[PDB]
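One letter stands for each residue in the lines below.
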Amino acid sequence: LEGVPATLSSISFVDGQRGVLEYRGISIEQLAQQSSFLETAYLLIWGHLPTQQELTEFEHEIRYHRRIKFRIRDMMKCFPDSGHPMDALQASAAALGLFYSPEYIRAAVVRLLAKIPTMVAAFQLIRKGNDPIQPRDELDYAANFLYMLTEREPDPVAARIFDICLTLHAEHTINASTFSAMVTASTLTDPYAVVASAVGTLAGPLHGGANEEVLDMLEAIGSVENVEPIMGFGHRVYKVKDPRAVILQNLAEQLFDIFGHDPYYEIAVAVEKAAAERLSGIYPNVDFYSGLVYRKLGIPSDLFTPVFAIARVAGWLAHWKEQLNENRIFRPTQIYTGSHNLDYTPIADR
Amino acid sequence: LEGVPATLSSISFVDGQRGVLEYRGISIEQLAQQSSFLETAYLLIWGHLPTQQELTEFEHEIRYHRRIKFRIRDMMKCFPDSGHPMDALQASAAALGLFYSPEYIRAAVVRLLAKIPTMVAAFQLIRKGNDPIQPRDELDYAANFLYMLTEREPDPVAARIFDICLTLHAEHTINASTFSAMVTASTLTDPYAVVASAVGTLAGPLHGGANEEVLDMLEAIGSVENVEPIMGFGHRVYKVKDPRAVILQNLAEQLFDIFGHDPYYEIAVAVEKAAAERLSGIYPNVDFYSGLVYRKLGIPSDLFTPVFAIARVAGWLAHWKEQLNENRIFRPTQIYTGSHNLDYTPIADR
Amino acid sequence: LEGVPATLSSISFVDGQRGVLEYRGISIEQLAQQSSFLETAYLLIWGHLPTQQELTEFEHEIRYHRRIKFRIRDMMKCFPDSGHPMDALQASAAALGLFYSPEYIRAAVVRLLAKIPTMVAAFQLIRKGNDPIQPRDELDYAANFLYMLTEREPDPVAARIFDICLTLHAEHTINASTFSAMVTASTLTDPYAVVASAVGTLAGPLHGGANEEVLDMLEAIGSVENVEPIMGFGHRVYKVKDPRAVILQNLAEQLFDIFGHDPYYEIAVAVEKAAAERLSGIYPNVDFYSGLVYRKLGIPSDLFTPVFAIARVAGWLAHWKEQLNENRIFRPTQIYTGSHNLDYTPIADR
Amino acid sequence: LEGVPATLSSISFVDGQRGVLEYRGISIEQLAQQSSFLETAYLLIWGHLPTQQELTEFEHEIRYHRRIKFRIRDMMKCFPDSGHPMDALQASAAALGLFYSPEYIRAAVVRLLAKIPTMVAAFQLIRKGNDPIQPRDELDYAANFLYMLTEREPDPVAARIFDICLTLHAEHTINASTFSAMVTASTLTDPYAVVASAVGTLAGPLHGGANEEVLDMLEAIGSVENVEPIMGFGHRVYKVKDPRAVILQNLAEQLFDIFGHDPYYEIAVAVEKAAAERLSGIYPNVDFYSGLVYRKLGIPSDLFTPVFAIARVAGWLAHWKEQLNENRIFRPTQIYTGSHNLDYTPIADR
Amino acid sequence: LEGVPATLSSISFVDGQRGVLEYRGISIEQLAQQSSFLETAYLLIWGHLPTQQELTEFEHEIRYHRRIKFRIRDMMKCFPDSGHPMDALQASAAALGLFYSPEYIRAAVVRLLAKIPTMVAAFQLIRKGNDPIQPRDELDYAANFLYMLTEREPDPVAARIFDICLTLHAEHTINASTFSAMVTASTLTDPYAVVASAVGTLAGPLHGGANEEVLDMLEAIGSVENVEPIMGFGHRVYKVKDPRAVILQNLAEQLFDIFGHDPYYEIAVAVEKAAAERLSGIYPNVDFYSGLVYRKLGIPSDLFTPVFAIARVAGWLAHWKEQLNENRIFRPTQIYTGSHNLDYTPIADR
């Protein structure tokens, strides 16, 4: 289906031959320097920058809905401990519609945005046999998520780095997950089912992406002298450089300089400086620095993809709201490549 | 059975032709101005005003027993979400006897008084899918109940208004609920069964009283210009004015002036000033101002009757303790108005 | 309140100076010989003998509703194991209104009649740590209750004896429990609250009656030679003989002759033959033979009163239905025997 | 402690230089041919062969107590799915004392014997996410255990083989588990604690014995042509042949001839016929044939040791009952091989 | 088995003819004056006094693991309320192996030491129907245990007295419980099974020791004038005086002088001053003062033995670690005192 202009969207723009990525016409650097995750999500979903009162009301509503019912936690207590976090995320997103399914757009958006990280952290805590940690009203989005994940209040620098990372991964362009979200939404269904379908599509093979395989190769190297004696490089769109990659690398460098270097960072630098001298087109992408940034913040490996989903919910929701107005069922045609006009044969004659 | 002096009680006195209401000989105005709910309950149950040490010990014992066992909360978790609060209150009062049934009078009184509002608030929170809020030892009776109901610490003015309202509704006179309580207590049964029977009697039709129908009429009017273009007025005892009504109206006026006016207050004033000019005998009663006072404090509509029950437990308990000493089973006689000396007819012959 | 004709009822007639007991004008002997419990309950509630089709439909509806929801069983699983069966019965009757509260009279009657013994047996099984036994559609009322209580299908003779015992204890006359039921029902409340109030009244002191104290005296005697070297005799109404007592004694004699004599029966005969020679007025009542009949059927001691309640639900319900049509709140008057016109005294001045 | 005659027991006799094993003086062949597991357990515990009435009463009491409370099953539902069956067995044996701890000896024996296999099968079913299967009164000990384990009623031949295997493994002689059982019982403690201590001792390294390593070697060989191109042979007591081994081999041969040969049996025969020609002293023991017999009956590998424990409970209990009469705390002496008369040193000086 | 030097241990030394008790060669007075419980446990298990960094790391690791999983608390919620604390302790110790069974020695030691008092307090709270109190990171071992037991933060003096008491009862010498622990550990099993076996052995008769019978006699006397008008005196090892008894008496005197005298202390002094004048050899032991010290701290009577177990876990663990290196199964020999060479008799011929 590649190459078919099946959608008319004014949400994001991507130029691979120039390294340009824009959210609603605003470059990603502007949002990565002078914007947060919630304001970027408001810009994506509603199409315009919120005012002061709108931003404060949005943040208050999101902070008020960060707590989940005790029935949802009880449901998570019945999840098997060996299940993957993506399956649990899909199950919880589908279960949100058992409870919460003009003002319908705004309420659903704020509930989903407030509650998705809460359930992710709750399942992370429950899987190891611990009790889920309740959200705190004093903290903000990224800081509260980090506290819920690690039981400890994070440094403001780490919270800012995580917020900018979420903004970078908020949305890129049309893809399999977004296409599935729009296909589900074309039937005028509740956004919780759309989110569940998008998460199921995003799970992919092995319930993970190329964010952990980079760490696997890095551990396989195991030293800064085995890099010289491939996943984590290249891209299918951009040809000069991924514009998110430079910001991610700068954030990783700043966070590691402030919080002290680690050996895996050293092996990453050793491999990347060698790869930039013999393969450069081939350039590193966000899949290389995202793993390092997430691991330095204390995020487990198998929770890399769910965190990505936490960033992507704002994108999906945006594409949902658009689709709505353009109500049109995805009903493509097919060509038959089989046999014709044969008859049923008795079972005894087979 | 109306008109039969079936009880000899020295607890309360009511004079409808003079507008007099007295608790143990003390006028309701004195208690509404210079007394709290717990001291009034002590006066009602024990017949005399407590001293300083007695009052402090009573308050300490009540504050210590405000917490319910986790089995009771687990039982509430199994209650259907569509059940009425009165049925849940009766079930919880009956379940208290599964656990806690000279020193027997005092322990039962303090446990019931401490725990009834706790279970009311716990069911209110559980019904909506939230976790019950634990009581705080720093707050007092009314303030702790309001915090448990609304998750937020109330203003001291609101707590005082609620305490005076509870004192006003603590006890009025013999009625159906009190008669049922005395009938149950005449068999020398535990006070928890008496409280459950009294709550079941108090539930009445539609599991509610005339406190919500006033709000229904007020919403039906919907404006301050539709009052001119009936429940909430009149009484069956008093002919001049309900002495509790004037205090309730003063409290409502003070609370609304301090906390800002509301449109429903405006419609209430518009309807009452018109009704006092063409119907005055017909006068407003406590059922008119109680709904407004409770709604301004954040109390839901369907929890009006349970809150009334919270006020009435002190009265019932008092009537229980009295009845005890006067041990006499309510064994009235009957007259037969049916057929006599007929025989059984075979089923095939019917 | 004794001696006041407060009720006009055509349900039952009692003549103590002639030993006459009639249900709706039909003598108790006719119903005890040629009637069952369900047909007698239909006669009591509806006032006339049911036809064939009506009786079959009533039995089918009762048999269909004998199964309780899993939420009720879960609630019983949270009951403390040391609680008394009467408190659990009251709690379950109150909880039935959380779920099931022209056709309203009939549905409530059949649900209560079908489900009360089911919950009694379920609590009996749960209290000892066993799982409740589900009802069987092949058995009838008494046989199914006995199977649920003892896990074993009873002999048809035992089932018939239990059915006749239930018919005998179905209703006697106005008393404390029935008066409380009518007082609760006068407010036009649901029958589940009426049943809960009646059970609470019937619990009485020590959560039991004089049915177990007879066994206590019999065990204290401990032999057929210690009767010569009082609870279980006399009555407050009848002067010649209790007409239910002769039928109960005949049933006990028949059941014990068919199923073999027991030592406690021998001590009962020894004490009764001595008491009938020196005290005869003083005559044995149903409280003497009911304990023996229930114990021979395998019913535990502390479940004597609940079984009585199972018999009495038909009576209460009947009195409920009558009361309804005669809607009149029990609002008696009182006389004040206390002090007048005293004032509040400061706490520091006490 | 080897070589010290610390116990005087008349329960079992073992002669390794003659291949003699006797239970209370009766050879193991007599019991393996003309006795069952329950009668052998009665002989071991009570010292004499039961009569007809005693045997029937023992079997009836054991069959009546085969059902466990729902609280125990609920406790098993909280066990982690990754836990080993031996830890769960120890936990359940310890939990039995939370409930059931002249007639005390007999009741404890029958409860333990009836309930241990029930909990083993219940944990086996729960661990895989299935519901436990309730026991059937129609089946006997071994057949009911096999039905509970595999949901299917076993062939009578298989049940007989399993019963004879249980009789063979009922008891051998004093060892670590029996010594721990007697040490625990010397303090006059309940038999449930003794059973829990014995199970904990029997768990050993890796929570298993040499019964699964034989299957590991057999699978490693993987063919009947790789035996020629060691666990499962030899013993520390017998020098001619294990008298239980010949019976176990005969039972395995009969069961496999009746139920059809399997490839692992073929590899077992190939390895044993080669080992009996070049190593014969070195002879196979019960650890070789027990695994094959258990696997052919459908018993999982990791449940080999618990089944052994099911056989051994009769032995332990016997040694418990004996110990009782000979009340003497195991209080051995020790010799000090450390430093003397040194003093405490400040932490800052270390 | 008394008198057999079955063990070679350099952990503790006891001299009864001189009143000497040493942990690893260091006298008990030095540790009771200038040491805590955790440092003494480190000395016992590892054989040398920890340094500053080692002590801080040990305390940090113990404080981090003081919290138990929610599955363990759920398992305790299923324990019967009438069960004894020792059975619950054994069940919880066995259940710890369902979850947590070079670095293996240290992790197991810290988990057991951190979690045993937590589960003891959790069962104490659950048994009465209250929720378990979570540990606080600000408090230390004894203070946190006292807070968890009594919901109130203890005075530092009381915490110090409790810590010294735990140090005194940490370990005495080889006995039945330690012998059972070594017998279980000789099979190279996990330390959780060893702890469960040791607890089962320590439960003893009536699930308690002679620490509560002293209080029983003291209450039987009931006055300071009935001592003149035996458990709690004497010992089986020491002949001059128990060296722990003098420290325990000094601690009790100091704690009671600081916190005010109690009548039971007065009766204890009256009985001990009379017993020291007519029986002195006969001297009081730790069983006399331990009950008083524990009761003054708010510890219930039936939890005396579990608290002792909390002290003894360090000893058992030490003996476990030693045993390990000296791997040798306790396989004693026996002498047969029964019949020989008899045959099986048909059941019909018995």
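Residues numbered from 1 in each chain as written, not as in the entry; some residues may be left out. Chains lettered and ligands numbered in written order. Part of a larger assembly, values for the part shown. Heavy atoms only, no water.

A word on the overall build of chain A
In terms of helices and strands, chain A carries 15 helices and three strands. In terms of overall size, chain A behaves like a compact globule, its C-alpha atoms giving a radius of gyration of 22 Å where 350 residues would be expected to give roughly 20 Å. When its C-alpha atoms are laid out on the principal axes, chain A stretches across 70 × 50 × 45 Å. In chain A, which comprises 350 residues, the proportion classed as buried is 49%. Accessible area of chain A: about 17700 Å², with a carbon and sulfur share of 52%. (Helix = DSSP H or I, 4+ residues; strand = E, 2+ residues; numbered from the N terminus. Rg over C-alpha atoms; globule rule 2.2 N^0.38 Å. Buried < 20%, exposed > 50% of the residue type's maximum accessible area, 1.4 Å probe, protein only. Areas by Shrake-Rupley, 256 points an atom, 1.4 Å probe, with all protein chains shown as cover.)

Topic: the arrangement of the chains
One thing to see here is that chain A and chain C don't touch, and their nearest C-alpha atoms sit 15 Å from each other. If you take every C-alpha in chain A and every C-alpha in chain D, the smallest gap between them is 9 Å, and the two do not touch. (Contact = heavy atoms within 4.5 Å.)

Focus: the relation of the copies chain C and chain B
Rotating chain C by 180° and translating it 0.0 Å along the rotation axis places it on chain B, where the RMSD comes to 0.0 Å. On the angle and the small slide along the axis, the relation comes out as a two-fold axis. Residue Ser197 of chain C, judged by its C-alpha, is the member of chain C lying nearest the rotation axis, at 2.3 Å. The fraction of interface residues of chain C whose copies in chain B are also interface residues reaches 100%, indicating that both copies meet through the same surface. (Least-squares fit on C-alpha atoms.)

As for the pattern of salt bridges
Scanning the entire structure with this criterion turns up 47 salt bridges over all chains. Of the charged contacts in the structure, one is a salt bridge between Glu61 of chain E and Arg106 of chain E, with a shortest N-O distance of 2.4 Å. Assigned by exposure class, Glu61 of chain E and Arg106 of chain E land together as buried. Here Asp302 of chain E and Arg127 of chain E are joined by a salt bridge, their closest N and O atoms 2.5 Å apart. With a relative accessible area of 24%, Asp302 of chain E lands in the partly exposed category. Classification of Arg127 of chain E by relative accessible area gives buried; the value is 16%. Here the residues in one salt-bridge network are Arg136, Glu138 and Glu153 of chain A, joined through shared partners. (Salt bridge = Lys/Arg side-chain N within 4 Å of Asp/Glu carboxyl O.)

Remarks on the interface of chain B and chain E
Contacts between chain B and chain E engage five residues on the former and eight residues on the latter. Between chain B and chain E, the buried area comes to about 520 Å², and carbon and sulfur atoms account for 40% of it. The largest per-residue losses of area from chain B upon contact with chain E belong to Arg67, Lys69 and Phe70 of chain B, which jointly make up 78% of the total buried on that side. Linking chain B with chain E are two salt bridges, by the criterion used here. Note that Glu151 of chain E and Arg67 of chain B form a salt bridge whose closest N and O atoms lie 3.8 Å from each other. Between the two partners, chain B and chain E, sit three residue pairs in polar contact. When its residues are assigned to classes, the side of chain B that touches chain E shows one nonpolar, no polar and four charged. (Buried area = accessible area lost by both parts, 1.4 Å probe. Polar contact = N/O pair within 3.5 Å; in protein donor to acceptor, adjacent residues only side chain to side chain. Nonpolar A, V, L, I, M, F, W, Y, C, P; charged D, E, K, R; others polar.)

Brief notes about the sheet that holds strand β3 (residues 26-27) of chain A
All names here are of chain A. What the three strands build is an open sheet, ordered β1-β2-β3; its pairing is antiparallel. If you trace the sheet from one side to the other, it starts and ends with β1 (12-15) and β3, each paired once. Examined bridge by bridge, strand β2 (residues 20-23) and β3 share two bridges and lie antiparallel to one another. Bridge pairing in β3 links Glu22 to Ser27. (Pairing = 2+ DSSP bridges.)

A short note on the relation of the copies chain B and chain E
Of the transformation superimposing chain B on chain E, the axial component is 0.0 Å and the angular component is 120°, with the fit at an RMSD of 0.0 Å. The superposition of one copy onto the other is thereby described by a three-fold rotation axis. Identified as the residue of chain B closest to the rotation axis by C-alpha distance is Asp74 of chain B, at 7.3 Å.

Some details on the pairing of strand β2 (residues 12-15) of chain E
Residue and element names in this part refer to chain E. By the bridge criterion, four bridges tie β2 to strand β3 (residues 20-23) in an arrangement that is antiparallel. Paired with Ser12 across the bridge in β3 is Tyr23. Count of turn residues in the β2/β3 antiparallel hairpin: four residues, of which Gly19 carries a positive phi of about 65°.

Considerations on helix α3 (residues 52-64) of chain D
Residue and element names in this part refer to chain D. For α3, spanning 13 residues, the distance from its first C-alpha to its last is 18 Å, which sits close to the expected 18 Å at 1.5 Å a residue. Those residues of α3 that sit buried are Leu55, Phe58, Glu61 and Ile62. For α3, the arc enclosing every buried residue in end-on projection is 135°, short of the 170-degree limit, so these residues lie on one face. Facing away from the buried surface of α3 by more than 90 degrees, the exposed residues are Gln53, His60 and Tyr64. Where α3 is buried, its residues meet α2 (37-46), α6 (103-127) and α7 (141-150). (Expected span 1.5 Å × (residues − 1). Arc of directions from axis to C-beta.)

Overview of the UniProt feature "binding site: Mg(2+) 2" (unreviewed entry) in chain A
Residues and elements named next belong to chain A. In the numbering adopted here, UniProt assigns the feature "binding site: Mg(2+) 2" (unreviewed entry) to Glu39 and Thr345. With respect to the helices, strands and loops of the structure, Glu39 is situated in helix α2 (residues 37-46). By relative accessible area, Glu39 is classed as buried at 18%. Leave out the neighbours within four places in its chain, and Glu39 touches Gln34, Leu49, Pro50 and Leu55. A distance of 2.2 Å separates polar atoms of two side chains, one belonging to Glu39 and the other to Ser35. By the secondary structure assignment, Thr345 is in the segment after α15 (304-325). (UniProt positions renumbered as here; feature names shortened; annotations may be inferred.)

Some points on the UniProt feature "active site" (unreviewed entry) in chain A
Residue and element names in this part refer to chain A. According to UniProt, the positions carrying the feature "active site" (unreviewed entry) are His235 and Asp287. In this structure, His235 sits in the loop between α11 (213-221) and α12 (243-259). Residue classification places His235 among the partly exposed positions, given a relative accessible area of 32%. Sequence-distant contacts of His235, that is, excluding residues within four places in its chain, are made with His172, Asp242 and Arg244. Within the element layout of this structure, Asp287 appears in helix α14 (residues 286-296). Ignoring anything within four residues of it in the chain, the contact list for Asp287 reads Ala210, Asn211 and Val214.

A few points about the nonpolar core
Membership of the largest hydrophobic core comes to 226 residues, with the highest contact counts inside it found for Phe162 of chain B together with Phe162 of chain C. Leaving out residues up to four positions away in the same chain, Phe162 of chain C has contacts with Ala142, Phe145, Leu146, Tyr294, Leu297, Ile299 and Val307 of chain C. (Core = buried A, V, L, I, M, F, W, Y, C linked by side-chain atoms within 4.5 Å.)

Comments concerning the sheet that holds strand β4 (residues 26-27) of chain E
Taken in spatial order, the three strands line up as β2-β3-β4 (chain E) in an open sheet, and their pairing is antiparallel. In this open sheet, the two strands that pair with only one neighbour each are β2 and β4 of chain E.

Details of helix α7 (residues 141-150) of chain A
Residue and element names in this part refer to chain A. Taking burial as the measure, the 10 residues of α7 include 10 buried ones, the bulk of the element. For α7, every residue scored as buried is listed here: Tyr141, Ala142, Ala143, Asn144, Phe145, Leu146, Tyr147, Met148, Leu149 and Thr150. On the buried face of α7, the contacting elements are α2, α3 (52-64), α6 (103-127), α8 (156-168) and α15. Two residues or fewer after α7 comes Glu151, characterised by a positive phi angle close to 70°.

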